[PDB]
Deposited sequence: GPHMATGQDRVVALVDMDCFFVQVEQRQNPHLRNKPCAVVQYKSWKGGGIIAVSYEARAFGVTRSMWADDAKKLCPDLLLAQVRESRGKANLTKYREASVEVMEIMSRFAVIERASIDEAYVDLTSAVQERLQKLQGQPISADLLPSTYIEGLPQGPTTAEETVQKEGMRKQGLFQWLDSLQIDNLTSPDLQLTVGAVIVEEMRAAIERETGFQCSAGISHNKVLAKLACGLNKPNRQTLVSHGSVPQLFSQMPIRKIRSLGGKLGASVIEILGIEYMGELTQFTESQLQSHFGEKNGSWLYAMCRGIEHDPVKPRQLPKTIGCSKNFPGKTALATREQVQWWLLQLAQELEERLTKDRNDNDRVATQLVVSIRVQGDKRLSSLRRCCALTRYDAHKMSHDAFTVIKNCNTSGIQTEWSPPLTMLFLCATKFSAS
């Protein structure tokens, strides 16, 4: 009853850019705007692998992880932009820099947690309190929410339905109670409209967002009405929303754990989890996961928005599939040097921009015929931003994997160099 805390203390948003790499390329090349297009990596093998797809191209069935040649079968007029290649590998610098543009705008409104190259969580609780006190009890006009959907409304064309649901929501609002969670979410949504307007004005990029009381619901909400819209998921919307929500749609349950929840419990949807005790869930999935699942199926999650705008690691990876797998010593050395040169460039720029230095270098490899994505992972000291030294140390750290009696065997199908353990400088 009164003592069952409902996890309505916070206002959290998740902002995620729409078809991000495509928008970056469309901004640079106006011929690509408002067209079916996609961004690929490489080009020789089946036209390259697609990593981002405009919404126009998605209507033809083009998806991420498709080969461009196959996508062209679905979409013969598909336009393609290629990721930059430097030193024989994909170079994602243009998109990392675009990301920083967006992150810097978001950071003006509130402390953010970078969650990927194109998305961040925002803790808006303090900003909402400030705005509520500034409103001095003034109601909230629908004009302030021009791109907001209220999940689960209306009850009882697309734009018309959106505005009907928004009117139902706004007429139901108790504007006098500065502590109403629903009001707090609404004011959050007003701020997020302003944030998304600023992002689009100042970068040209459109994005969607979710507003709810925690990160998992905010991330789920964001995807409900993409592209170029934001979605408010209130605490009261959760039972209906979860009643037909496949468990795999929830962040962290899209893999083996979610499959085991489904198989062991004999359920399909998030809402069915409510019928199990906390102890039952802890028994099957462990104490942490069990407590998390017990609260999350009731809409409650406590994971904080971490104050972290910069990546915690800076890494460089390249696959060598099939007959391109590295089978000589000179090959492994040359590719370790290419990787180290890109790493050195990114680290030197990171030091100048962010006043920090990495102190540990992680070397990861895959060997041909190995089932695992990473065969060996070994760390050494990173004492100097020098590509030649980083590559020699990575080699020193992996060389005892070679079983040849000049050659390399088994051949290497992946190299990975990652700088970690940053320290102020």
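Where C-alpha coordinates are absent, the deposited sequence of this PDB chain has the segments 157 to 164, 414 to 415.
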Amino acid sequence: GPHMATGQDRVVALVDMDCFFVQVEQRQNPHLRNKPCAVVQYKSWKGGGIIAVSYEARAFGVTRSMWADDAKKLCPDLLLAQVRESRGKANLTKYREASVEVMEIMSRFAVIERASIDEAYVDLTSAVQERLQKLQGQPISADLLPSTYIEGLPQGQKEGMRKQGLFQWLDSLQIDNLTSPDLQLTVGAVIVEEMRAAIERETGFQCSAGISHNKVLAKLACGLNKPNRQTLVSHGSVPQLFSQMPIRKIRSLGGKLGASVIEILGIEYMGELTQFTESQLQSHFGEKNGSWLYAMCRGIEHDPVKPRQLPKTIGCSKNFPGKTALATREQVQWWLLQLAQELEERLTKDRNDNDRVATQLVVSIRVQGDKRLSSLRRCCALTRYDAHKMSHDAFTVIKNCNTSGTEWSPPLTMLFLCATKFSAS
From here on, numbers count along this sequence of modelled residues.
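Here, rigid core means the biggest group of C-alpha atoms that superpose within 1.5 Å across both forms.
Core-fitted comparison in 8 other deposited structures of this protein shows that, between 82 to 90 and 168 to 176, the CA atoms farther from the shown form belong to 168 to 176.
Where the structures in 8 other deposited structures of this protein are fitted on the rigid core, 178 to 186 is the one of 212 to 220 and 178 to 186 whose C-alphas sit farther from the shown form on average. Taking the PDB entry as given, 331 to 339 carries the higher mean Cα B factor of the two stretches 331 to 339 and 189 to 197. 343 to 351 and 317 to 325 differ in mean CA B-factor, and the higher of the two is recorded for 317 to 325. Comparing C-alpha B-factors across 32, 367, 57, 50 in the deposited entry, the largest value falls on 367.
Comparing the listed residues 229, 298, 158, 73, the entry records the largest Cα B-factor for 158. Residue 206 sits in the lowest third of its chain by CA B factor, as recorded in the PDB entry. Remark: residue 94 belongs to the lowest third of its chain, ranked by C-alpha B-factor as recorded. The entry lists a Cα temperature factor for residue 135 that places it in the highest third of the chain's modelled residues. Ranked by Cα temperature factor within the chain, residue 401 sits in the highest third according to the deposited record. Split the chain's modelled residues into thirds by C-alpha temperature factor. Residue 237 is in the lowest one.
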